[PDB]
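Chemist: Here you go, my_file-v8.pdb (PDB, C-alpha atoms):
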ATOM      1  CA  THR Z  36      20.317 -24.490 -59.193
ATOM      2  CA  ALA Z  37      17.942 -26.032 -56.641
ATOM      3  CA  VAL Z  38      14.645 -25.466 -54.807
ATOM      4  CA  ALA Z  39      13.226 -26.584 -51.449
ATOM      5  CA  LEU Z  40      10.009 -28.593 -51.775
ATOM      6  CA  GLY Z  41       8.511 -28.522 -48.289
ATOM      7  CA  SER Z  42       8.596 -27.404 -44.676
ATOM      8  CA  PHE Z  43      11.906 -28.341 -43.034
ATOM      9  CA  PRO Z  44      12.307 -29.281 -40.412
ATOM     10  CA  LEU Z  51      13.141 -20.175 -39.120
ATOM     11  CA  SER Z  52      12.612 -23.038 -41.570
ATOM     12  CA  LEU Z  53      12.733 -23.786 -45.292
ATOM     13  CA  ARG Z  54       9.557 -23.714 -47.347
ATOM     14  CA  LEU Z  55       8.340 -24.622 -50.833
ATOM     15  CA  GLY Z  56       9.862 -22.561 -53.634
ATOM     16  CA  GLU Z  57      12.849 -21.373 -51.616
ATOM     17  CA  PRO Z  58      15.893 -21.163 -53.942
ATOM     18  CA  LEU Z  59      18.895 -23.205 -52.824
ATOM     19  CA  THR Z  60      22.597 -23.663 -53.375
ATOM     20  CA  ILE Z  61      23.804 -27.246 -53.055
ATOM     21  CA  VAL Z  62      26.904 -27.653 -50.882
ATOM     22  CA  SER Z  63      27.214 -31.438 -50.602
ATOM     23  CA  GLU Z  64      25.370 -34.481 -51.934
ATOM     24  CA  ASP Z  65      26.205 -37.253 -49.478
ATOM     25  CA  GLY Z  66      23.723 -39.952 -50.461
ATOM     26  CA  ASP Z  67      20.067 -39.320 -49.670
ATOM     27  CA  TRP Z  68      20.998 -36.403 -47.418
ATOM     28  CA  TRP Z  69      22.149 -33.146 -48.994
ATOM     29  CA  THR Z  70      23.733 -30.052 -47.488
ATOM     30  CA  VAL Z  71      22.220 -26.831 -48.807
ATOM     31  CA  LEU Z  72      22.236 -23.076 -48.312
ATOM     32  CA  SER Z  73      19.188 -20.842 -48.583
ATOM     33  CA  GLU Z  74      19.784 -17.891 -50.888
ATOM     34  CA  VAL Z  75      17.464 -15.630 -48.906
ATOM     35  CA  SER Z  76      18.529 -16.339 -45.320
ATOM     36  CA  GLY Z  77      21.991 -17.777 -45.873
ATOM     37  CA  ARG Z  78      21.198 -20.383 -43.222
ATOM     38  CA  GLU Z  79      22.643 -23.863 -43.674
ATOM     39  CA  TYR Z  80      20.424 -26.945 -43.892
ATOM     40  CA  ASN Z  81      21.008 -30.691 -43.782
ATOM     41  CA  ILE Z  82      18.031 -31.985 -45.703
ATOM     42  CA  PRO Z  83      16.849 -35.235 -47.312
ATOM     43  CA  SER Z  84      17.445 -35.197 -51.074
ATOM     44  CA  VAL Z  85      13.762 -35.996 -51.562
ATOM     45  CA  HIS Z  86      12.899 -32.556 -50.165
ATOM     46  CA  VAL Z  87      14.950 -30.743 -52.826
ATOM     47  CA  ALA Z  88      14.502 -30.291 -56.581
ATOM     48  CA  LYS Z  89      17.371 -29.501 -58.956
ATOM     49  CA  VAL Z  90      16.736 -26.814 -61.573
ATOM     50  CA  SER Z  91      18.406 -26.110 -64.919
ATOM     51  CA  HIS Z  92      17.620 -23.844 -67.902
ATOM     52  CA  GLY Z  93      15.405 -21.815 -65.564
ATOM     53  CA  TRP Z  94      12.498 -24.231 -65.992
ATOM     54  CA  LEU Z  95      13.829 -27.810 -66.033
ATOM     55  CA  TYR Z  96      13.273 -29.637 -62.733
ATOM     56  CA  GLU Z  97      14.629 -32.916 -61.355
ATOM     57  CA  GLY Z  98      12.992 -34.864 -58.528
ATOM     58  CA  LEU Z  99       9.810 -32.819 -58.766
ATOM     59  CA  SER Z 100       6.554 -34.760 -58.511
ATOM     60  CA  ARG Z 101       3.356 -33.957 -60.394
ATOM     61  CA  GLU Z 102       1.817 -32.835 -57.106
ATOM     62  CA  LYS Z 103       4.749 -30.645 -56.038
ATOM     63  CA  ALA Z 104       4.796 -29.091 -59.503
ATOM     64  CA  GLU Z 105       1.191 -28.001 -59.002
ATOM     65  CA  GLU Z 106       2.137 -26.632 -55.579
ATOM     66  CA  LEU Z 107       5.029 -24.628 -57.068
ATOM     67  CA  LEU Z 108       3.006 -23.256 -59.970
ATOM     68  CA  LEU Z 109       0.143 -22.329 -57.645
ATOM     69  CA  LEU Z 110       2.306 -20.128 -55.442
ATOM     70  CA  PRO Z 111       1.277 -16.444 -55.663
ATOM     71  CA  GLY Z 112       2.968 -14.417 -58.396
ATOM     72  CA  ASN Z 113       2.614 -17.059 -61.094
ATOM     73  CA  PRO Z 114       0.339 -15.750 -63.856
ATOM     74  CA  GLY Z 115      -1.612 -17.917 -66.275
ATOM     75  CA  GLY Z 116       0.862 -19.521 -68.644
ATOM     76  CA  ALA Z 117       3.479 -19.988 -65.941
ATOM     77  CA  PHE Z 118       5.160 -23.293 -66.714
ATOM     78  CA  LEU Z 119       7.861 -25.808 -65.929
ATOM     79  CA  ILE Z 120       9.216 -29.038 -67.342
ATOM     80  CA  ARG Z 121       9.848 -31.941 -64.978
ATOM     81  CA  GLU Z 122      11.588 -35.252 -65.547
ATOM     82  CA  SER Z 123       9.448 -38.311 -64.886
ATOM     83  CA  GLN Z 124      10.148 -39.999 -61.561
ATOM     84  CA  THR Z 125       9.289 -43.332 -63.182
ATOM     85  CA  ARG Z 126      11.011 -43.054 -66.568
ATOM     86  CA  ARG Z 127      14.365 -41.808 -67.876
ATOM     87  CA  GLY Z 128      14.674 -39.124 -70.557
ATOM     88  CA  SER Z 129      10.921 -38.668 -70.280
ATOM     89  CA  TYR Z 130       9.370 -35.382 -69.200
ATOM     90  CA  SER Z 131       6.099 -33.596 -68.514
ATOM     91  CA  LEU Z 132       5.078 -30.023 -69.240
ATOM     92  CA  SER Z 133       3.084 -28.379 -66.457
ATOM     93  CA  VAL Z 134       1.408 -25.059 -67.191
ATOM     94  CA  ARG Z 135      -0.874 -22.868 -65.073
ATOM     95  CA  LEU Z 136      -4.323 -22.405 -66.581
ATOM     96  CA  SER Z 137      -5.797 -18.941 -67.081
ATOM     97  CA  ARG Z 138      -8.800 -18.129 -64.882
ATOM     98  CA  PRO Z 139      -9.443 -21.788 -64.042
ATOM     99  CA  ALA Z 140     -11.958 -23.355 -61.724
ATOM    100  CA  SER Z 141     -10.518 -24.432 -58.376
ATOM    101  CA  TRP Z 142     -10.564 -28.128 -59.292
ATOM    102  CA  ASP Z 143      -8.318 -27.910 -62.348
ATOM    103  CA  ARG Z 144      -5.783 -25.092 -62.142
ATOM    104  CA  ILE Z 145      -2.836 -26.912 -63.732
ATOM    105  CA  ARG Z 146      -2.573 -28.749 -67.054
ATOM    106  CA  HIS Z 147       0.000 -31.495 -67.543
ATOM    107  CA  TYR Z 148       1.201 -32.696 -70.938
ATOM    108  CA  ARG Z 149       3.402 -35.721 -71.445
ATOM    109  CA  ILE Z 150       6.483 -34.960 -73.501
ATOM    110  CA  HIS Z 151       6.998 -38.084 -75.589
ATOM    111  CA  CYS Z 152      10.537 -39.108 -76.432
ATOM    112  CA  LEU Z 153      10.697 -41.692 -79.211
ATOM    113  CA  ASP Z 154      13.515 -44.224 -79.241
ATOM    114  CA  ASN Z 155      15.214 -41.825 -81.680
ATOM    115  CA  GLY Z 156      15.752 -39.042 -79.147
ATOM    116  CA  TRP Z 157      13.354 -36.464 -80.557
ATOM    117  CA  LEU Z 158      10.775 -34.866 -78.254
ATOM    118  CA  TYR Z 159       7.138 -33.897 -78.785
ATOM    119  CA  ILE Z 160       3.768 -33.204 -77.204
ATOM    120  CA  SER Z 161       2.013 -33.501 -80.560
ATOM    121  CA  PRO Z 162       3.539 -36.115 -82.928
ATOM    122  CA  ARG Z 163       3.124 -33.634 -85.791
ATOM    123  CA  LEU Z 164       5.565 -31.224 -84.123
ATOM    124  CA  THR Z 165       8.814 -32.824 -83.014
ATOM    125  CA  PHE Z 166      11.866 -31.194 -81.442
ATOM    126  CA  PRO Z 167      15.578 -31.987 -81.014
ATOM    127  CA  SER Z 168      15.641 -30.515 -77.509
ATOM    128  CA  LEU Z 169      13.520 -29.214 -74.636
ATOM    129  CA  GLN Z 170      14.923 -25.737 -75.326
ATOM    130  CA  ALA Z 171      13.570 -25.905 -78.879
ATOM    131  CA  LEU Z 172      10.212 -27.125 -77.587
ATOM    132  CA  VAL Z 173       9.857 -24.315 -75.030
ATOM    133  CA  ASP Z 174      10.932 -21.823 -77.706
ATOM    134  CA  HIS Z 175       8.139 -23.008 -79.998
ATOM    135  CA  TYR Z 176       5.339 -23.173 -77.428
ATOM    136  CA  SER Z 177       6.228 -19.721 -76.111
ATOM    137  CA  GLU Z 178       5.019 -18.346 -79.450
ATOM    138  CA  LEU Z 179       2.770 -20.988 -81.032
ATOM    139  CA  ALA Z 180       0.498 -23.240 -78.979
ATOM    140  CA  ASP Z 181      -2.672 -24.014 -80.936
ATOM    141  CA  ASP Z 182      -2.367 -27.747 -80.258
ATOM    142  CA  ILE Z 183      -2.414 -27.195 -76.498
ATOM    143  CA  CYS Z 184      -4.368 -25.158 -73.961
ATOM    144  CA  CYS Z 185      -1.826 -22.482 -73.218
ATOM    145  CA  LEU Z 186       0.973 -20.382 -74.626
ATOM    146  CA  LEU Z 187       4.038 -20.836 -72.450
ATOM    147  CA  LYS Z 188       4.369 -17.424 -70.773
ATOM    148  CA  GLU Z 189       7.001 -17.448 -68.038
ATOM    149  CA  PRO Z 190       8.978 -20.027 -66.071
ATOM    150  CA  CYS Z 191       7.568 -20.928 -62.657
ATOM    151  CA  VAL Z 192       8.765 -18.295 -60.173
ATOM    152  CA  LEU Z 193      12.266 -19.385 -59.105
TER     153      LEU Z 193
END
What is this file in structure tokens?

Modeler:
Amino acid sequence: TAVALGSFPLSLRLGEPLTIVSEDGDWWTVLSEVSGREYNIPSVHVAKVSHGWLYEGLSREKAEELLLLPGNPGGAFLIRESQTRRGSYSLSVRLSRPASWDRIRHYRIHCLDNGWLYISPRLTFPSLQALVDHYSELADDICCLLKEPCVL
């Protein structure tokens, strides 16, 4: 349901799966699902996850960090809500055999004022689930077929 984003403060690290115990303002209480240890951490150091690939509070930079962890093949992907906008998202997908200076490709997921979502205006979707479904099988309009969700 949640993931640690950085070193804190024997310690948590990026990608570590979490269980949220309390959300008291900008400080959350979490449990690591590998060590069981309890942590009192700033909310900004944690990302919420739903649908196995939908992240909240995950920056563009931290998304690259997550996707670039070992064990993520080419096509590994996630969707992250914009930290600037509302129901606006970005698709981040690991590139296959990339050069070191461009290993991750980000696509804006446009949401019209009508609530439908798309990367290419020719192909619109009623939900992120429908979008991921589609691009897991057909992805000619983008760089990469969506293979697997980012590890954890």

Chemist: Smallest atom-to-atom distance to residue 51 (chain Z): which of Z:69, Z:176, Z:80, Z:148, using all atoms listed in the file?

Modeler: Z:80

Chemist: Residues around (4.7, -39.5, -81.7), cut-off 7 Å, counting all atoms listed in the file - what are they as a ChimeraX atom specification?

Modeler: /Z:151,153,159,161-162

Chemist: Mind giving me the straight-line distance from CA of residue 184 (chain Z) to CA of residue 147 (chain Z) in Å, one decimal?

Modeler: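 Pair CA of residue 184 (chain Z) / CA of residue 147 (chain Z) returns 10.0 Å.
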
Chemist: Tell me which residues the PyMOL selection byres ((chain Z and resi 57-59) around 12) grabs here, as a PyMOL selection string.

Modeler: chain Z and resi 36-43+52-56+60-63+69-82+86-90+93+107+110+192-193

Chemist: Pick the closest to residue 125 (chain Z) from Z:137, Z:155, Z:100, Z:168: which is it, counting only C-alpha atoms?

Modeler: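 Of Z:137, Z:155, Z:100, Z:168, the one nearest residue 125 (chain Z) is Z:100, counting only C-alpha atoms.
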
Chemist: Name the closest residue to residue 117 (chain Z) among the candidates Z:173, Z:140, Z:179, Z:150; distances are taken between atoms, counting all atoms listed in the file.

Modeler: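 Among the listed residues, Z:173 lies closest to residue 117 (chain Z).
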
Chemist: I'd like the interatomic distance between CA of residue 109 (chain Z) and CA of residue 138 (chain Z), to a tenth of an Å.

Modeler: 12.2 Å

Chemist: May I ask for the distance between CA of residue 126 (chain Z) and CA of residue 142 (chain Z), given in Å to one decimal place?

Modeler: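 We find that CA of residue 126 (chain Z) and CA of residue 142 (chain Z) lie 27.2 Å from each other.
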
Chemist: Please determine, counting only C-alpha atoms, which residue among Z:152, Z:134, Z:160, Z:98 has the shortest atom-to-atom distance to residue 119 (chain Z).

Modeler: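 Closest residue, counting only C-alpha atoms: Z:134.
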